[PDB]
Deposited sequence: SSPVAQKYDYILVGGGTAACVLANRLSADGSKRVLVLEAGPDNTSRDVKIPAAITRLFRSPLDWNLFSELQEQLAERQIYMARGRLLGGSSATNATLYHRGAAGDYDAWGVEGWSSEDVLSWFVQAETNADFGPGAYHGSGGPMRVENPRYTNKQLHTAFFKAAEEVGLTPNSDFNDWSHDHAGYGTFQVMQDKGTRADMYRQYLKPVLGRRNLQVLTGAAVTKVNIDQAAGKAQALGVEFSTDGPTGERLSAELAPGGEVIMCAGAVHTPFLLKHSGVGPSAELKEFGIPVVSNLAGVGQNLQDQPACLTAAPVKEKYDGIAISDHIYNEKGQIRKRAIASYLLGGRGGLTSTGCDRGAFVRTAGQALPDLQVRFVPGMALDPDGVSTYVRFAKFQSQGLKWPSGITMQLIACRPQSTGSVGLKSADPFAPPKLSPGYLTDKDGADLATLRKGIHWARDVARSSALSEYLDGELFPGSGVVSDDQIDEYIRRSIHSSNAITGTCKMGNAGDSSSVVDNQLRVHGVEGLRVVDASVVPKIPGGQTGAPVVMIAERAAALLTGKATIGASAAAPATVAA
């Protein structure tokens, strides 16, 4: 009742990060009728816009609330895996850190037309940096906002860097400068506009909601993609939910369909629609249009564990928790004043924006990413701690002062999978991250060795002046075997998730999409979101999604070509 006798040149399933990019570029003339279907509501929540309020988006209505299958290798725990549910997708619910990985992350992709040189310019193109001048590696005219964090903990941040210097690390002035090595300590830039989240709804879609050739439907939950037998012909969706009507959106001649549902829901929705492993499709009685075995495999996510240590009594009150909450748990009016009048202060911080990339065992590229947080976790699951920090408000307790080093396997060797658990196209998918399953035990070894690394840093002279013991894992956990068991019961997602519909060369039978993102054996079908990522880069995966999205967009409209 919303696409009524209307045929669209590009239907977009999903209204997230990449989808917000293409809608902008493809609606940019007037000849194309763009449609954008999004399960979740408009982007209007104040919790989206204030960075420190990220503590309220986890496990919230704006999250899909995905939980994984039992992971036997993880002491049989389900893993909560954050996924944004609103226009702007996970860009509106992320920690905003800006990371391209290294040039070798893209060279190693293998694919033709996506080397480090081919992608570099698409990055710069979409960037406007507040803190680096325009050059080979940074843009100034782009739609993304990028800035050095406008919050600084004058004691804990400076003691962290002195400490990482003590244990032998070198600084790194720009983790997205490919001319020098990617390892080292320093400061993560964040996709924020003067302390407001600079999500992709705000930077790309909100400035273009005027275009009459641009139709954006929130509340609109896609169920499948029409593929008359191969050619896609549209989508089916429901505006109310699993108890609503079964509408249909038709495409115009040549009208393509663009999978933007993200690394979790795209491979899922493709399967329900007929493209995937037949063995899995036959189990629920779904006709096979294409039998590509790569749909729903190769799921890569970066696992994390943490250490936590309180500060000495004498330095009580100097953590970021002390800057946001008072001793009674109420939000400080001073912090609100610095944020609303100046775009400064504790509320501009997602917390984890200082850190490092470290080689643990002479690897080609760093295997460990440390994230330092001048706040003290109260649960070894760092995601659950943020949820807890939210509910702590107004209870009347003082959150203890301290620090946290979150440790992350930024280039993991484990892979996962995304599958079908029901025929109900509104059911939670079969999600298995598969952390710690690589055949050499390397991911676990990277995380164990980060624990030793984190303890060295915390033992340094720079940090031992401020610290008083160790809460997590703590004094009991001494031997490697004990560290591993702690890692297993505390491993949490650092929220990347890539690869479930990977691109590859012609004759890559394991590949799903080709180097122009159209999928093997379907007409008018393309995938442009994090799923196409063939190897996860070394860093948080937001920025490369945009780069993919800006790239496909141009290619679609004949402004550049690949190969």
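Pop the missing stretches of the deposited sequence into a list, counting residues from 1 and keeping sequence order.
According to the deposited record, C-alpha coordinates are absent for 230 to 233, 568 to 578, which together make up the missing parts.
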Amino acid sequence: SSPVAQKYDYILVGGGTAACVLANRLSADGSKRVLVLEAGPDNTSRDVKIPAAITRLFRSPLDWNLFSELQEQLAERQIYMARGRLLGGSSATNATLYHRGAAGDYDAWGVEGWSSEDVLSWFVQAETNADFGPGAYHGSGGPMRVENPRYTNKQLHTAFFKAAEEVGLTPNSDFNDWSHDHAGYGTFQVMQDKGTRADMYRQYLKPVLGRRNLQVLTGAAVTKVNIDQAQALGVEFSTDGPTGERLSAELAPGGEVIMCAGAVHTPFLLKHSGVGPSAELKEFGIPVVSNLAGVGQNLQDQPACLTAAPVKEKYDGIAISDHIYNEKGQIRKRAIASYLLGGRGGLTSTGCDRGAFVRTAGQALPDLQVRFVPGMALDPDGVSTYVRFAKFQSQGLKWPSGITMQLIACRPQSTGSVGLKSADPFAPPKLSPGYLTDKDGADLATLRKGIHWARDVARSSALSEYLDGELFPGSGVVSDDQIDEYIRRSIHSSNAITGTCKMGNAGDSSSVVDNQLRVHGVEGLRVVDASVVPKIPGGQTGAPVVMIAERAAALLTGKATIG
From here on, numbers count along this sequence of modelled residues.
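What we label the rigid core is the largest C-alpha set whose atoms superpose within 1.5 Å from one form to the other.
Core-aligned, which moves more in 5 other deposited structures of this protein: 238 to 246 or 290 to 298, by CA RMS?
When 238 to 246 and 290 to 298 are compared in 5 other deposited structures of this protein, the bigger C-alpha shift is seen for 238 to 246.
Between 5 to 13 and 21 to 29, which has its CA atoms farther from the current form in 5 other deposited structures of this protein, using a rigid core superposition?
Relative to the shown form, the greater RMS C-alpha distance in 5 other deposited structures of this protein belongs to 5 to 13.
Averaged over C-alpha atoms, is the B-factor higher for 419 to 427 or for 390 to 398 in this PDB entry?
For C-alpha atoms only, the mean B-factor is higher in 419 to 427.
Where do the C-alpha atoms have the higher mean temperature factor in this entry, in 361 to 369 or in 281 to 289?
Per the PDB record, 281 to 289.
Of the residues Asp174, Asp379, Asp443, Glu72, the one carrying the largest Cα B-factor as recorded
Spelled out: the listed residue with the top C-alpha B-factor is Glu72.
Among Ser531, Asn495, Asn65, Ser27, where is the Cα B factor highest in this entry?
The C-alpha B-factor peaks, among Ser531, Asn495, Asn65, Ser27, at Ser27.
Among the chain's modelled residues, which third holds the C-alpha B-factor of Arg202?
Its C-alpha B-factor belongs to the lowest third of this chain's values.
Taking the entry's C-alpha B-factors for this chain, is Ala554 in the lowest, middle or highest third?
For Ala554, the deposited C-alpha B-factor lands in the highest third.
Split into thirds by Cα B-factor across the chain's modelled residues, where does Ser384 land: lowest, middle or highest?
For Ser384, whose C-alpha B-factor we compare with every modelled residue in the chain, the answer is the lowest third.
Please place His157 in the lowest, middle or highest third of its chain by C-alpha B factor as given in the entry.
Tercile = lowest for this residue's CA B-factor.
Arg448 by Cα B-factor - lowest, middle or highest third of the modelled chain
According to the entry, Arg448 has a C-alpha B-factor in the chain's middle third.
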